[PDB]
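The following block contains the structure, expressed as structure tokens.
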């Protein structure tokens, strides 16, 4: 059972600059008769199935733009994207079809490096309808910011009672968006009148609340 | 064993008119591979061996005049003579050579229909030489008549003591000839002085004696 | 084992005249398939190895002069030399290579017939050196004579105490030479003061001494 | 189907089936295989010229084809055509190198004439062959005597 | 080595080795042997004219050679060349008797032009064949449409 | 009889009889069968031109015939004839397409002249062949160098 | 085979190339020997048990298959039919894994 | 065999000469019947288990050996390849002294 | 065979078409590769146990039968001799109903 | 040109034996299959036997099987039939017959394209008896003769027109009787080698 | 033109069974070898099964062997996978996949050149539960729903720009929760056949 | 150009052994079958042995069988004969010989077209003995020497004309004696490596 290893796991490159992804197989995928390296590259955008990019390690599939190019043989292989652009944001998988069972790499996430952007923060108190359900969920939205990295009831810090969700990198402006959901029973909700959201980010000189 | 059946057994047709003879086999004589009906027709004149007329049911042998023509397939077959003429008077046989043993039909006698003709009757008493043999044979000749159909010592009718012989149809005038021989011991001959021959025929208005 | 027989054993012919040598095999050396007689002729001069003359009974080897020619088939064969000349003096062998073991004829010696020539006789007494060996050998030389055929101490004839040696026929003048060696112990030598050599020859009118 | 092959034992003739193989059939040398060309006149065909010419016709869009036959029958009647069209041009092709006239003919009907050659080559209407010297062609060649027949393939008995 | 022979069982394809004989392989009739001609366009070769002409070239000292192939593939793109040299003389030979155009073509690229015919015959640079009517040649013939492909030999399954 | 076939074991040579079959004889591939062309000069024949021309002669009524031989011997002496008749016309046929000159010759005797060509084709009086490039013909071709020899057929040992 | 032709010549006066006695001296040499019309040898086969009339019909029935075979091939002159028939003959018997006792195999243990 | 070609058309729309039903009446006669461009029959084979893509590669690998074979021969048009392959096929099995139990011999005693 | 020729060259310096090593790169392509006079390979066989002188005679004796074979055929150029010899070789052994114990059959039970 | 001349036949007692012969002219028996066909008096035709060219394939009619043995001689261009243990039912005219060239013992038959003159075979216990020639005065009465046939002519083949020779009739005495008339008669009885000329 | 439409899938209890379907368009399944490939939530790709044209050569992943049975219908141009004894680890998105034409069961494989839309398979003991839509005032909070997926749009596919729909998150209660924002929202939960439009 | 150089030979006691060598020049031994032929003093030729190119087919004369063993080296272009248990009758001159190219061990033989210089083999119980040179006064008497041969020349190859060197004669003492005359003599006895010049 061949184990394919991709590196790096994640990668962030400025628009127009080049990005390279490595692939390493447990065993040589070089066919002696053909002198062809049986390895393939796929592209998978969020919410879409994979798309074939390269076959036989170096050969572009029909329709793939010229900027995509693979190389290597035997054990080590590489996928290279010259001039990243926006439409190339995706997860890139390598696959061997030398011997069964066919196996995939761990995949590499390609993202765009962007000028820093400060999150536009918004707070949303729970609605009337939810209060009828005997529960209270406070939501805080951090809209269009970069990078992905970033991180109080009656001036008291909570823990374990909330969780967050992050969107994918915007296909146009390359800005992330983040949603933080704080869930507590309606009983604890009425006990407190004040709810404050503190946001700390590298894209800010000092924390915004 | 195939049994071939011809019909009619006898046939009489006016000169220049057409005559047809049928043939029926117990079994089909049609060969699947050739689509050829294995049947043959022969002509046999009196005192002569048969002569081939038709082979494969429809094909004239070399030298056979055009007026002869056969037809049919499988079970039923027919030989046809258009414009009979004189030289066509004979016995016609059909034969199958599909499977052994090869078998012939009963044969059909073809005769010519002629205008009626009255027989010229002659009587011949026994000679001296025969009388030395202790026997007496009276002969009565009916010469050149048509049709074949037609039929007394001291004004007393005889029986069983005589018999007749008929010639074949004349090849030219199509007239039959008939010989009647009455044989009795010379002892009975001298007992009577008078011998009368009575002839009855359709070609006569009344019997001639 | 085939036995080849040549005849004559010896032969002497005048220069320019023809000489024939016969050969007879125990068995036919004719090969049915080839119609070729497997027999060969060789020439051997004194002190030299044989030289191929003829193969397949009639075919001259390359380089053999035209005057040599063989013939025959089966059992009897013949080698013929037209115009003998001097260079043809040799021993001629016939050989069969039809079946193993390959066998040779007894050989035929071919010599030249010459005008008679009288031998020039010389006598040589023993030297001082030989006398030191306690032996005495008297030598008498008959130089340049023809034919080969030809044949006393104190006027007393000796016997069994001497022997002679004859050279081969001269390649140029066709003259033989003969050496006679008389050997006796030095003891018997001194007992006699006189040694006389008597020579008898057909090439002399009377014996020379 | 495939080309029928006749098998001869004694004086009896059989037709080798592909599905049913007869081990009695023996073939020890390719010299037993023989291809024979038989004339049509032996079948009772009319040998007269006008009946014969009616059996031949011109056509285009059909390349000419030729086979070899090893042995043939002496012909009573052969034919040799030399024909043109009104403009004086030949409508029959010259016999290519290697094709000679039928080796045995009693009577050779030399034929000349002119007409509407409605095709490049002249074939046989009944599908038969024009037999030449050890060669059967589907087309008539100019000026070379021929006999019209058909070919059969045989495997002879043990010789 | 010798000419490879492909063996078909069911839908599987194997290559008959000379040293290792497979008794499972059965050949009951020469009609099982089939020679196939496959077009290059099926391999993804560019069918455009300038890319194609670049695959062909002239050469001398090499006699022309021809093989027969029994079956071929329908071609989307074929080619028909009629070219000369500055002096107006043809640099391509006329199709000898028997060679016809490829039997099946969707688009036939008729090509004319002039240039330096640097050789007697025009061969294929990649070593492929110019497939004609049941005949694969190593040379381009004048005015006769052709498709470029390669030949394979097979022994079909039990039919 | 039929064409003799030589059988080689080790360095020994035998002639396969048709009546007596030797099971020791093994033929595993058609590549073992080899047809060899051997020159006459190896038999001691005179290679001089006048002796050679005397071995050749003209004749008519005899079609030309050709065989293929797969391998041949290096020749010391070959010949190339270009001859005519008094009226200046050629009496030797042009080498048909496919026939080239003998591949290996040390000395090539180019011959020209004129004389009474008493026949359509020039054959070999002793019955030998005129060996060309992998082809032995019964006739001399115009202007094409040739060597005169004979052909033998072999079944080589187990290779 | 059964002759379905209207007429059938029972006598087969034939010609062929293959000879019997090769030893006529030097007549085998092309320079000498027969001209184009002398290379043949003649013979006469009789209609024994309808053999000839059988051959005649056989030649007729073979025509269809033969004519189509020629249509398929693209070579002008075909000489390879008989050798092909010889190969098909062998393949038929030895195509082939040969079971002695079973059919489609010509072997006997004795 | 493994296809190494950049692209491979799995669908094989083919043409050939050999027919199925000979009985079209008199269409077998050359005077009648199809013209040069009508003698063919078409069919469609699909890439079942990569069969076609296999054939395609096979045709590619055969080219080398085939081209050399043609160089060796001196005949213009070669039709004898398939019959030669049929003979080599037999010689391979029966060249030959056949040992039943041993290999290189296709015989079974039953 | 026994050489009956007057002289016999024991050394056989020969040429042929069939090669050994097909991998000379792209030299197999007709566009590239040898010209008409370069397609050959040479070798040298010695007269071992009169082998050559045997071949020489064999070529002589074969001439008669060969010349007659050509007279019989009507095709200009004959290439089918060797394949024919291969078929006759098989038919000789398997023509054929094969008796194991008996002669004219090459089979052994072991 | 093409014909078949037959021999043999005649009178024979029940159980007796006879050998019919047939000689061909104008062709070779080797090419064709030969047959024998009989015809009883006044009745139809019955196939008797057949023999192929090679004499390999032979057949008889069930009624004849075991009693007759057919044979041929191709070199002598002749056909023979040996008949044994003859009986009354075998009394008939036996025709030597040529079958078409398409006939073979192992396949379909062919037609009888050539027939011989025929030969009379009479099986009877009665011995030969010459005729008694009585004048009729015109004609001649040929009475009490046996076996058949008897031929009649007038003035040695001169008088023909107006002549009517009647078919023979078997009398009660087992002997034949016949009358010949015209509007000297040469009588010939071969079975008894009798020749009579009555004026 | 060329594509693969998939069916089946959804929620199923552990040990349960499901049958995925895939229908091809623009080509014939006979020409290509078909495969199934799965993708667990947030994890990489795992090959499941393959089936040749002739349906002769079949293969499964060791983790799946014996539990799944792949099948195809070339005439109907369809591919099917029957899954039995399902468990949590099988919870994934299953892709219908076409392999290159060079692939054969008896030789080297080829690449996956065409992939289906994919179908969600969720193995859980929890039953289906519709969503609770709370307004955010902007956006909509879709809370406590199960199983996945849920699709969100604004004003029936009108408002698109400036819209950010966050990925769903699994709550402690084992039910999913999701929020959608923009700078009426059409909510659709297929697993429960629930359609909600909150203003 | 074409020739054969021989070595070995000489004196040997009865029962002793010797090995004759022969080296070819101007051709290759592989092409031809090689032979050995002997010639006793004053007698005819006797074939000894033969060996084919492949060294497969070997033959000896019945008189020699089992005692001699012939061999060859094609690469070294040489021929060898090992002789064992020698006796008086083997005393002879041994010639290295080439047979024609048509010779084969399995068929008809060929002729001996090339012969070597020959080599003397003397089988005797007597030991080697140098010559005693006595003057003759003209000529030189070479007496009591053994074995053969001895060569004589005058003034180191100057005087040739008129010179007659007589054949050697075996004396009663078993030693050879010879006389050379002309109308300084260089004496050379190789068997004893003796060189004498008597004036």
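Order of writing sets the labels: A, B, C, D, E, F, G, H, I, J, K and L. Residues in every chain begin at 1.
One rule holds for everything that comes next: contacts are C-beta pairs under 8 Å (C-beta built on N, C-alpha and C of every residue); 3 or more make two chains touch, one makes a residue touch a chain.
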item: Topological distance between chain B and chain H, in contact steps; value: 2
item: Which of F-I and C-L has more C-beta pairs touching across its chains; value: F-I
item: Inter-centroid spacing, chain E versus chain D (mean Cα positions, whole Å); value: 34
item: Whole-Å gap between the CA centroids of chain D and chain J; value: 48
item: Chain centre separation in whole Å, for chain I relative to chain C (CA means); value: 55
item: Overlap residues in chain F, where contacts from two or more other chains coincide; value: 1-2, 10-12, 18, 23, 27, 29-31, 63, 65, 68, 98, 100, 127, 134-135, 138
item: Sequence positions of chain C contacting 2 or more other chains; value: 31
item: Contacts with two or more other chains, residues of chain H listed in rising order; value: 1-2, 6, 8, 17-18, 22, 28-30, 33, 36-37, 48-49, 51, 54, 64-65, 67, 71, 73, 75-77, 79-80, 83-84, 86-87, 90-94, 96-97, 106-107
item: Chain J-facing residues of chain G, complex; value: 1-3, 8, 10-11, 46-54
item: Touching residues (chain side chain A, partner chain K) in the complex; value: 31, 38, 40, 42, 49-52, 55, 61, 93, 95, 97-98, 100-107, 120, 124, 126-127, 129-130, 133, 137, 139, 141, 143, 163, 165-167, 177, 179, 181, 183
item: Chain G contact footprint on chain E (complex, rising order); value: 23-24, 26-30, 68, 97-98, 100, 133-135
item: Parts of chain F lying in touch with chain I, wherever the complex brings them together; value: 1-6, 8, 10-15, 18, 21, 23, 27, 30-31, 33-38, 41-44, 64-68, 70-74, 98, 100, 103-104, 127-129, 134-135, 138, 149-155
item: Chain J partner contacts - residues on chain D that touch it in the complex; value: 10-12
